[PDB]
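K.L.:
Sequence first, structure after; it's an experimental one.
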Amino acid sequence: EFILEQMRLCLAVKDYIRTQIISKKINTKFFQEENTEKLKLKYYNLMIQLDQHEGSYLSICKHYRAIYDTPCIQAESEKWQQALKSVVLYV
């Protein structure tokens, strides 16, 4: 959480290179989300915001596919609909 916090601050300053540099320090620390889900959602949402800046179109698709996490996300279908629609829209 501490290392994820300043990423949004660096986005706010609009210095994308430093955000991308500090982003690589979390991805390798996977398989710890057995009891946390908010962290994963925010973690993926930051890259959703970042990647669609310049021209990226596959990475945003990968993230929206990654919104397939713990069933706590798909048990409220009213927004699971657009969650599964945005991916096929970006494909």
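P.N.:
Received it, and whenever you're ready, just let me know what you need. Numbering: from 1, shown residues only.

K.L.:
ok, how many other residues are close to residue 28?
P.N.:
By the criterion of other CB atoms under 10 Å, residue 28 has 6 neighbours. Quick note: C-beta positions are derived from backbone N, CA and C, even for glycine.

K.L.:
is it true that residue 23 touches residue 6?
P.N.:
No: the criterion here is CB atoms under 8 Å, and residue 23 misses it with residue 6 at 11.1 Å.

K.L.:
nearest spatial neighbour of residue 44, skipping sequence neighbours?
P.N.:
Leaving aside its sequence neighbours, residue 44 sits nearest to residue 63 (CB to CB, 6 or more residues apart in numbering; 4.9 Å).

K.L.:
circling back: if you count surrounding residues, which of residue 23 and residue 6 has more?
P.N.:
residue 23 (17 against 12).

K.L.:
Distance check, the residue nearest to residue 44 against residue 24.
P.N.:
Distance, residue 63 to residue 24, by CB to CB, to the nearest Å: 16 Å.

K.L.:
repeat for residue 8
P.N.:
Residue 8 sits 16 Å away from residue 24, going by CB to CB.

K.L.:
The two - which one has more neighbours?
P.N.:
residue 8 (13 against 8).

K.L.:
mind pulling up the phi and psi values for the more buried one?
P.N.:
Backbone geometry at residue 8, expressed as degrees, to the nearest 10, gives phi -70, psi -30.

K.L.:
try the one 5 residues further on
P.N.:
According to degrees, to the nearest 10, the main-chain angles of residue 13 amount to phi -70, psi -10.

K.L.:
burial count for it?
P.N.:
As a burial measure, residue 13 scores 9 neighbours (other CB under 10 Å).
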